[PDB]
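To start, the structure itself, in C-alpha cells.
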Ligand SMILES: NC(=O)CN1C[C@H](O)c2ccccc2S1(=O)=O
C-alpha cells in the first residue's frame with residue numbers, strides 16, 4: 001500500500017502495536033559473540049543491546065578492537081551510517097578513535113546528557129574553548145572551536161588532533177536538544193528541519209566517511225533518524241515514489257543492527273516524518 005493512506009488505515013483501526021510486533025518477529029537474528037566476551041562488559045551500556053559480529057566497527061588496535069557500534073550500509077540509497085551507544089566514562093577515547101579511523105565528518109546526538117534524572121551518556125566533548133580535552137588511552141586531543149545554540153538544536157565546530165601524527169580535522173557536532181523525556185514529538189517539523197541541516201553540511205555525503213549517530217542505546221531515536229533519511233532519498237531516486245515501503249526499509253536496516261525503532265510510537269512518528277518530509281522536498 002502507499003504510505004499516507006496505510007497510515008490513516010492503521011490510525012483508524014488502532015493497530016500500531018500489532019504492526020510493530022510483526023516487525024519484531026520478522027527481524028534478523030545474527031550472532032554478537034564479541035560483544036558478550038567478559039573483557040567487554042564495561043564497554044556496553046545495556047546488556048540487551050549489542051552489535052552483530054558481521055557489521056560491527058573494529059577499532060584499529062591489537063589489544064582490544066571492540067566498540068558497541070554498527071555499520072548500516074544502504075545499497076540502493078547509496079548511504080551509510082554508523083549507529084552507536086552514547087559513550088561511557090571508559091569508552092570516550094574509543095569513540096573519538098572510531099570517528100578518526102572511519103574518516104567521519106559529522107556526529108549526530110539525539111539525547112541530553114541527563115534525562116529523567118539519570119545520566120544517559122558521558123560529557124564527551126568540551127564545553128569551553130579554552131578547556132580542551134585529551135584522551136590519553138587513544139592519543140587524541142579535542143577542542144571546541146565555535147557553538148551555535150538554536151531553539152531546537154545546537155551545532156558545534158570541533159577540532160580533532162591525532163597527537164601521534166599532528167594531523168588535524170574539523171568535526172561537526174549536530175545536537176538535537178528537544179526530544180521529550182517520554183514519548184515522541186507531537187510534530188515532526190523540528191526533527192525534519194534538523195535532518196536537513198545535517199544534510200546541508202556535507203556530513204552525509206560520499207566524499208566523507210559515514211556519519212556517526214547516537215542516542216543512549218543507539219537504536220531508538222537513532223533508528224528514526226536514519227530510517228527517515230533513507231526513505232526520503234529513495235522517494236527522490238525512484239520513478240514511482242509511492243513504491244517506497246517503510247516497513248521493508250526498516251527490516252533491511254535491522255539486518256545490520258538489532259532493535260531499530262524501540263516502540264510503536266517511534267514507528268508511527270517515523271511514518272509521520274517521511275509523509276510530511278515528502279511534501280516539502282517538492283517539488
Ligand atoms: N583526565 C582523564 O582521565 C581524561 N578523560 C577524558 C575526558 O575528560 C573524559 C570525559 C568524560 C568522561 C571521562 C573522561 S576521561 O577520564 O576519560
Can you tell me which of (1) touching a helix residue (DSSP H, G or I) at 6+ places or on another chain (Cβ under 9 Å); (2) surrounded by fewer than 17 Cβ atoms within 10 Å (Cβ to Cβ); (3) closer than 15 Å to residue 216 by Cα is the one residue 70 doesn't meet? (2)
Within region 82-95, track down each residue that is within 11 Å of the ligand (Cβ to nearest atom), surrounded by 21 or more Cβ atoms within 10 Å (Cβ to Cβ) and in a loop (DSSP other than H, G, I, E, B). 87, 91
Of those in region 133-170 that are crowded, with 18+ Cβ neighbours inside 10 Å and away from the ligand (no atom under 16 Å from the Cβ), the residue nearest to residue 190 (Cα to Cα) is 153
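Of these, 10, 23, which one is farther than 14 Å from residue 219 by Cβ and touching a helix residue (DSSP H, G or I) at 6+ places or on another chain (Cβ under 7 Å)? Steps first, answer last, please.
Details: 23 fails: farther than 14 Å from residue 219 by Cβ.
Just one listed residue meets the conditions, 10.
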Of the residues in region 188-203, how many are in contact with a helix residue (DSSP H, G or I) (Cβ under 8 Å, 6 or more places away or on another chain) and not in a helix (DSSP H, G or I)? 1
Would you say residue 40 is surrounded by fewer than 18 Cβ atoms within 10 Å (Cβ to Cβ), over 25 Å from residue 159 (Cβ atoms) and touching a strand residue (DSSP E or B) at 6+ places or on another chain (Cβ under 7 Å)? yes
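Coordinate-derived values only; no laboratory data. Backbone-built Cβ (ideal geometry, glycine too); neighbour counts: all protein chains shown.
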